[PDB]
$ cat input_27.pdb   # PDB, C-alpha atoms
MODEL        1
ATOM      1  CA  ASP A   1     -13.824   6.780  -0.771
ATOM      2  CA  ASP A   2     -16.500   4.344   0.406
ATOM      3  CA  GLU A   3     -16.404   2.300   3.594
ATOM      4  CA  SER A   4     -13.649   2.593   6.184
ATOM      5  CA  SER A   5     -11.753  -0.125   4.339
ATOM      6  CA  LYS A   6      -9.781   2.552   2.516
ATOM      7  CA  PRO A   7      -6.527   1.043   1.083
ATOM      8  CA  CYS A   8      -3.937   2.131   3.646
ATOM      9  CA  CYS A   9      -0.217   1.567   3.560
ATOM     10  CA  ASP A  10       3.043   0.913   5.384
ATOM     11  CA  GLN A  11       5.999   1.125   3.007
ATOM     12  CA  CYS A  12       6.418   3.532   0.106
ATOM     13  CA  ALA A  13       8.590   3.503  -3.027
ATOM     14  CA  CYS A  14       8.377   5.421  -6.294
ATOM     15  CA  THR A  15      10.326   5.458  -9.544
ATOM     16  CA  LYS A  16      11.103   8.332 -11.896
ATOM     17  CA  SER A  17       9.060   7.616 -15.026
ATOM     18  CA  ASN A  18       6.625   9.599 -17.174
ATOM     19  CA  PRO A  19       4.321  10.090 -15.404
ATOM     20  CA  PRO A  20       6.167   8.734 -12.354
ATOM     21  CA  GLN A  21       4.997   5.443 -10.879
ATOM     22  CA  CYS A  22       4.459   4.619  -7.235
ATOM     23  CA  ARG A  23       4.089   1.280  -5.543
ATOM     24  CA  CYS A  24       3.273   1.388  -1.872
ATOM     25  CA  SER A  25       2.762  -1.340   0.717
ATOM     26  CA  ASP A  26       5.440  -3.066  -1.275
ATOM     27  CA  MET A  27       6.401  -6.093   0.837
ATOM     28  CA  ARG A  28       4.914  -7.725   3.913
ATOM     29  CA  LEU A  29       6.210 -10.724   5.898
ATOM     30  CA  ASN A  30       2.706 -12.058   6.355
ATOM     31  CA  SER A  31      -0.284 -11.483   4.083
ATOM     32  CA  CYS A  32      -2.016  -8.624   2.267
ATOM     33  CA  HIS A  33      -5.732  -7.945   2.076
ATOM     34  CA  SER A  34      -8.568  -7.146  -0.327
ATOM     35  CA  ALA A  35      -7.620  -3.458  -0.554
ATOM     36  CA  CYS A  36      -5.112  -3.816  -3.370
ATOM     37  CA  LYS A  37      -5.466  -5.007  -6.908
ATOM     38  CA  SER A  38      -3.643  -8.254  -7.004
ATOM     39  CA  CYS A  39      -1.263  -9.399  -4.289
ATOM     40  CA  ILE A  40       1.158 -12.217  -4.805
ATOM     41  CA  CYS A  41       1.723 -14.474  -1.845
ATOM     42  CA  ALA A  42       3.732 -17.400  -0.686
ATOM     43  CA  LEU A  43       1.671 -19.420   1.775
ATOM     44  CA  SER A  44       4.948 -20.939   2.948
ATOM     45  CA  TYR A  45       6.865 -20.161   6.102
ATOM     46  CA  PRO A  46       8.219 -17.557   6.410
ATOM     47  CA  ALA A  47       4.931 -16.289   4.936
ATOM     48  CA  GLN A  48       5.458 -13.602   2.313
ATOM     49  CA  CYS A  49       3.309 -11.268   0.256
ATOM     50  CA  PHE A  50       3.553  -8.491  -2.281
ATOM     51  CA  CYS A  51       1.194  -5.935  -3.818
ATOM     52  CA  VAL A  52       1.824  -5.376  -7.535
ATOM     53  CA  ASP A  53      -0.642  -2.551  -7.392
ATOM     54  CA  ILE A  54       0.708   0.879  -8.270
ATOM     55  CA  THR A  55      -0.587   4.412  -8.061
ATOM     56  CA  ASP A  56       0.761   7.964  -8.520
ATOM     57  CA  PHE A  57       0.815   9.321  -4.959
ATOM     58  CA  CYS A  58       1.674   6.534  -2.496
ATOM     59  CA  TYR A  59      -1.174   5.936  -0.089
ATOM     60  CA  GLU A  60      -0.466   7.390   3.339
ATOM     61  CA  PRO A  61       0.755   5.068   6.127
ATOM     62  CA  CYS A  62      -1.853   3.220   8.102
ATOM     63  CA  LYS A  63      -3.596   4.634  11.148
ATOM     64  CA  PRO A  64      -4.666   8.080   9.919
ATOM     65  CA  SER A  65      -5.310  11.018  12.241
ATOM     66  CA  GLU A  66      -6.380  14.645  11.949
ATOM     67  CA  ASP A  67      -4.010  15.586  14.755
ATOM     68  CA  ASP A  68      -0.812  14.887  12.827
ATOM     69  CA  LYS A  69      -1.066  16.403   9.363
ATOM     70  CA  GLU A  70      -4.163  16.203   7.185
ATOM     71  CA  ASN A  71      -5.596  19.707   6.975
TER      72      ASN A  71
ENDMDL
END
$ encode --input "input_27.pdb" --output "structure tokens"
Amino acid sequence: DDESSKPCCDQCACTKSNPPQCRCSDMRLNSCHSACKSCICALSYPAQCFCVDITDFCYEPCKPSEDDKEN
């Protein structure tokens, strides 16, 4: 964890593998950012983007908060 540009998320989807895989921030009807690995994008209307980046825990949704649930 460095700056506040931590890779956040919005959508979450995992698959049963070994170990399991987990791609979050799957689709977005706009554009991604520089917080993923490599995002594919269609600069055509309706704009579209995808993050082929995958992890093993699904980053939490965006807009964190210690009031909700974060120990």
$ residues_near_point --input "input_27.pdb" --point "(6.8, -7.9, -2.6)" --cutoff "8 Å" --atoms "only C-alpha atoms" --output "PyMOL selection string"
chain A and resi 26-28+40+48-52
$ atom_distance --input "input_27.pdb" --atom1 "CA of residue 3 in chain A" --atom2 "CA of residue 70 in chain A"
18.9 Å
$ residues_around --input "input_27.pdb" --residues "residue 59 in chain A" --least-positions-apart "4" --cutoff "7 Å" --atoms "only C-alpha atoms" --output "list in words"
residues 8, 9 and 24 of chain A
$ resolve_selection --input "input_27.pdb" --expression "the PyMOL selection byres ((chain A and resi 7) around 9)" --output "ChimeraX atom specification"
/A:4-6,8-9,34-36,59,62
$ atom_distance --input "input_27.pdb" --atom1 "CA of residue 47 in chain A" --atom2 "CA of residue 25 in chain A"
15.7 Å
$ closest_residue --input "input_27.pdb" --among "A:18, A:33, A:10, A:45" --to "residue 64 in chain A" --atoms "only C-alpha atoms"
A:10
$ atom_distance --input "input_27.pdb" --atom1 "CA of residue 17 in chain A" --atom2 "CA of residue 58 in chain A"
14.6 Å
$ axis_aligned_box --input "input_27.pdb" --around "range 13-22 of chain A" --padding-each-side "6 Å" --output "JSON"
{"center_x": 7.7, "center_y": 6.8, "center_z": -10.1, "size_x": 18.8, "size_y": 18.6, "size_z": 26.1}
$ closest_residue --input "input_27.pdb" --among "A:55, A:71, A:66, A:1" --to "residue 13 in chain A" --atoms "all atoms listed in the file"
A:55
$ resolve_selection --input "input_27.pdb" --expression "the PyMOL selection byres ((chain A and resi 22) around 9)" --output "ChimeraX atom specification"
/A:12-16,20-21,23-24,53-58
$ decode --input "input_27.pdb" --residues "chain A" --atoms "C-alpha atoms" --output "PDB file, in the first residue's frame"
ATOM      1  CA  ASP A   1       0.000   0.000   0.000  1.00  0.00           C
ATOM      2  CA  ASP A   2       1.559   3.279  -1.137  1.00  0.00           C
ATOM      3  CA  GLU A   3      -0.321   6.435  -2.065  1.00  0.00           C
ATOM      4  CA  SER A   4      -4.085   6.793  -1.765  1.00  0.00           C
ATOM      5  CA  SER A   5      -4.396   5.516  -5.324  1.00  0.00           C
ATOM      6  CA  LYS A   6      -5.016   2.029  -3.969  1.00  0.00           C
ATOM      7  CA  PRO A   7      -6.717  -0.148  -6.669  1.00  0.00           C
ATOM      8  CA  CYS A   8     -10.366  -0.046  -5.606  1.00  0.00           C
ATOM      9  CA  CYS A   9     -13.281  -1.848  -7.163  1.00  0.00           C
ATOM     10  CA  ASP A  10     -16.955  -1.945  -8.097  1.00  0.00           C
ATOM     11  CA  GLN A  11     -17.930  -5.366  -9.430  1.00  0.00           C
ATOM     12  CA  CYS A  12     -16.651  -8.727  -8.225  1.00  0.00           C
ATOM     13  CA  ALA A  13     -16.538 -12.200  -9.793  1.00  0.00           C
ATOM     14  CA  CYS A  14     -14.512 -15.302  -8.972  1.00  0.00           C
ATOM     15  CA  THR A  15     -14.153 -18.772 -10.454  1.00  0.00           C
ATOM     16  CA  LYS A  16     -13.507 -22.101  -8.754  1.00  0.00           C
ATOM     17  CA  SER A  17      -9.977 -23.066  -9.798  1.00  0.00           C
ATOM     18  CA  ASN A  18      -6.832 -24.186  -7.973  1.00  0.00           C
ATOM     19  CA  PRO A  19      -6.052 -21.846  -6.360  1.00  0.00           C
ATOM     20  CA  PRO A  20      -9.285 -19.997  -7.179  1.00  0.00           C
ATOM     21  CA  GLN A  21      -9.076 -16.945  -9.417  1.00  0.00           C
ATOM     22  CA  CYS A  22     -10.769 -13.609  -8.920  1.00  0.00           C
ATOM     23  CA  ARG A  23     -11.330 -10.797 -11.355  1.00  0.00           C
ATOM     24  CA  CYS A  24     -12.857  -7.671  -9.923  1.00  0.00           C
ATOM     25  CA  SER A  25     -13.863  -4.364 -11.491  1.00  0.00           C
ATOM     26  CA  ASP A  26     -14.759  -6.566 -14.401  1.00  0.00           C
ATOM     27  CA  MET A  27     -16.652  -4.272 -16.788  1.00  0.00           C
ATOM     28  CA  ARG A  28     -17.210  -0.530 -16.941  1.00  0.00           C
ATOM     29  CA  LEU A  29     -19.299   1.480 -19.432  1.00  0.00           C
ATOM     30  CA  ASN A  30     -16.695   4.215 -19.556  1.00  0.00           C
ATOM     31  CA  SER A  31     -12.969   3.866 -18.902  1.00  0.00           C
ATOM     32  CA  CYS A  32     -10.623   2.269 -16.369  1.00  0.00           C
ATOM     33  CA  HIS A  33      -7.553   3.814 -14.793  1.00  0.00           C
ATOM     34  CA  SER A  34      -3.882   3.197 -14.017  1.00  0.00           C
ATOM     35  CA  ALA A  35      -4.670   1.032 -10.977  1.00  0.00           C
ATOM     36  CA  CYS A  36      -5.001  -2.249 -12.840  1.00  0.00           C
ATOM     37  CA  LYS A  37      -2.566  -4.218 -14.903  1.00  0.00           C
ATOM     38  CA  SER A  38      -3.832  -3.937 -18.393  1.00  0.00           C
ATOM     39  CA  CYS A  39      -7.307  -2.706 -19.267  1.00  0.00           C
ATOM     40  CA  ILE A  40      -8.823  -3.228 -22.657  1.00  0.00           C
ATOM     41  CA  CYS A  41     -10.935  -0.404 -23.976  1.00  0.00           C
ATOM     42  CA  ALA A  42     -13.110   0.584 -26.846  1.00  0.00           C
ATOM     43  CA  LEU A  43     -12.826   4.329 -27.382  1.00  0.00           C
ATOM     44  CA  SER A  44     -16.090   4.087 -29.309  1.00  0.00           C
ATOM     45  CA  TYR A  45     -19.535   5.112 -28.166  1.00  0.00           C
ATOM     46  CA  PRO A  46     -20.919   3.570 -26.065  1.00  0.00           C
ATOM     47  CA  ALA A  47     -17.457   3.695 -24.456  1.00  0.00           C
ATOM     48  CA  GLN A  48     -16.442   0.371 -22.941  1.00  0.00           C
ATOM     49  CA  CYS A  49     -13.597  -0.974 -20.846  1.00  0.00           C
ATOM     50  CA  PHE A  50     -12.408  -4.121 -19.144  1.00  0.00           C
ATOM     51  CA  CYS A  51      -9.712  -5.057 -16.631  1.00  0.00           C
ATOM     52  CA  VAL A  52      -8.038  -8.389 -17.418  1.00  0.00           C
ATOM     53  CA  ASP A  53      -6.263  -8.124 -14.123  1.00  0.00           C
ATOM     54  CA  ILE A  54      -6.977 -10.882 -11.625  1.00  0.00           C
ATOM     55  CA  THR A  55      -6.214 -11.474  -7.982  1.00  0.00           C
ATOM     56  CA  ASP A  56      -7.180 -13.968  -5.245  1.00  0.00           C
ATOM     57  CA  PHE A  57      -9.395 -11.891  -2.943  1.00  0.00           C
ATOM     58  CA  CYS A  58     -11.425  -9.377  -4.976  1.00  0.00           C
ATOM     59  CA  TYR A  59     -10.538  -5.835  -4.016  1.00  0.00           C
ATOM     60  CA  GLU A  60     -13.204  -4.241  -1.844  1.00  0.00           C
ATOM     61  CA  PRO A  61     -15.737  -1.865  -3.454  1.00  0.00           C
ATOM     62  CA  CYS A  62     -14.732   1.735  -3.831  1.00  0.00           C
ATOM     63  CA  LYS A  63     -15.200   4.356  -1.142  1.00  0.00           C
ATOM     64  CA  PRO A  64     -13.760   2.607   1.925  1.00  0.00           C
ATOM     65  CA  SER A  65     -14.748   3.489   5.486  1.00  0.00           C
ATOM     66  CA  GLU A  66     -13.873   2.367   9.002  1.00  0.00           C
ATOM     67  CA  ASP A  67     -17.483   2.826  10.064  1.00  0.00           C
ATOM     68  CA  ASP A  68     -18.880  -0.018   7.970  1.00  0.00           C
ATOM     69  CA  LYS A  69     -16.688  -3.083   8.374  1.00  0.00           C
ATOM     70  CA  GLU A  70     -12.897  -2.989   8.377  1.00  0.00           C
ATOM     71  CA  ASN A  71     -11.773  -3.809  11.904  1.00  0.00           C
TER      72      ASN A  71
END
